[PDB]
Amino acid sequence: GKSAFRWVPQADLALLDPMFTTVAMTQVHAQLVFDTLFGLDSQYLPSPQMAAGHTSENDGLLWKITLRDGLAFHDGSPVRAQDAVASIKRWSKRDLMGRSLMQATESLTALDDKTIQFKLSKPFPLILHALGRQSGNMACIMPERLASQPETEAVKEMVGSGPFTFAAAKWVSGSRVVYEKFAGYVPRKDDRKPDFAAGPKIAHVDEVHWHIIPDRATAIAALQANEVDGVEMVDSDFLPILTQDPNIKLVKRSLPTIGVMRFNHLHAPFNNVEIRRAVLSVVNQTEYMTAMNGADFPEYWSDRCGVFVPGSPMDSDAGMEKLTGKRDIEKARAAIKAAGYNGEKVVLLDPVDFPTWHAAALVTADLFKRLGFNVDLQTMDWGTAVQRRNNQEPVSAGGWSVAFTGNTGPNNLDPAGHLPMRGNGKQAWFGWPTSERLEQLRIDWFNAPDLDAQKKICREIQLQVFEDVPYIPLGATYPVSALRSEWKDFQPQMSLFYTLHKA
């Protein structure tokens, strides 16, 4: 009699503590079992979820957050402010955003069992954005007895307040994970349409069953045979069959993989900003996306990708002509020669066993040869290339010059966790670009008073990325999930099992 949603995750579930690890499947698990003080909508803006509201006083140095009525943990005990305080303190040990919030917090206390109080040293306008984090790491609320565990010891007992309970006796490694609708869950008021994690969270199925199927062809066959209801990760090879199947609905997920060309900024030739800007002037995202993804399903990639997720609030047209304008090879060749390039060996790391990034390496090798570079395209396994790109030494000592990879997830929405834009030198992501401007602009975004101010700073960040070229975006590739056609309102921002429904 129980209704169930049968789900094929992209990987098995290995860890249960959402504060302990950022791995994708733990964060999906977390959105079934736990809840957050604030949710994010499709514009990734915060709104009350477990909270009823908030107040800001004393010139933004004193914040009060009130819990709404009807919150309960899966053991029946109500959620209090003391549980939220203990959860936030533990969550802030490993979460980047929570760490920044508590660095600005003088004291975090519960005034009663319903009101949370932040006493701030300096203003932190991103406090609601912080407490609204949905993944990596979800700002999940646990009972104080569990939130008091050390941040270095992963929590094993699953007691959340979210719309599903974790059936621990049904977690079978390599085979099954089972979640059961929390009968005691009281969704917040229905004053807005459910949208990502904003509005009421309603479970419309009695159970969610993860079917672990490592063979991707087997998983697709189960979906077409109506043996499962959804598959998290659909490879491009299966796009023709699934598009033709009228019983299957393909879901373009909201957050893409932004492909990046990453230089080694520590040695010639890409320690020279004029050479980096010359390469930027001939990168054609249409060519990269066509080679990496094919031309048959262009609805799942974008060739107009700047620093941030295309179409998201921080995205803008600032300086985008640096990518969308004419790709002039002759002028770029002349600029590289004028900059002083003299045939130095340029090592490209080619991961032959990773098809998309192998394709990006091949496009770049041909482009660099036409630019006049002395190209050394080194073929290796992806795991080898990941080790090689950590070397900071020059090419003469076995070093590298260009590498190719992708950045996924909400980090690409804003400067907080954005990896390639960072400019703190040898403390930055591999490649180690130095841009004091980009570092200061990121800090400016943290201190920005409102959304309009944040957007203006992210325009400047994009202008500065094109000027200093810490990396070059190659395009955005959107992952795809597949569902049986009867399932509606599946949220595309994250694999979520509330809101979705059949009837």
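Position 1 is the first residue in the sequence shown; the rest follow in order.
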### Message
Comparing average C-alpha B factors as deposited, tell me which of 181 to 189 and 299 to 307 sits higher.
### Response
181 to 189
### Query
Given the B-factors recorded for C-alpha atoms, which segment has the greater mean, 423 to 431 or 76 to 84?
76 to 84
### Query
Which one of 287, 232, 317, 245 shows the biggest C-alpha B-factor in the PDB entry?
245
### 67, 472, 453, 28, ranked by C-alpha B-factor: the highest one
67
### Relative C-alpha B-factor of residue 8, binned into the chain's lowest, middle or highest third
lowest
### Task
Within this chain's modelled residues, let me know which third the CA B factor of residue 384 belongs to: lowest, middle or highest.
middle
### Query
With respect to C-alpha B-factor, does residue 496 fall in the lowest, middle or highest third of the chain as deposited?
lowest
#### Entry: Assigned third (lowest, middle, highest) for the C-alpha B factor of residue 116
highest
### Task
Would you please rank residue 37 by its C-alpha temperature factor against the other modelled residues of its chain and give the third it falls in: lowest, middle or highest?
middle
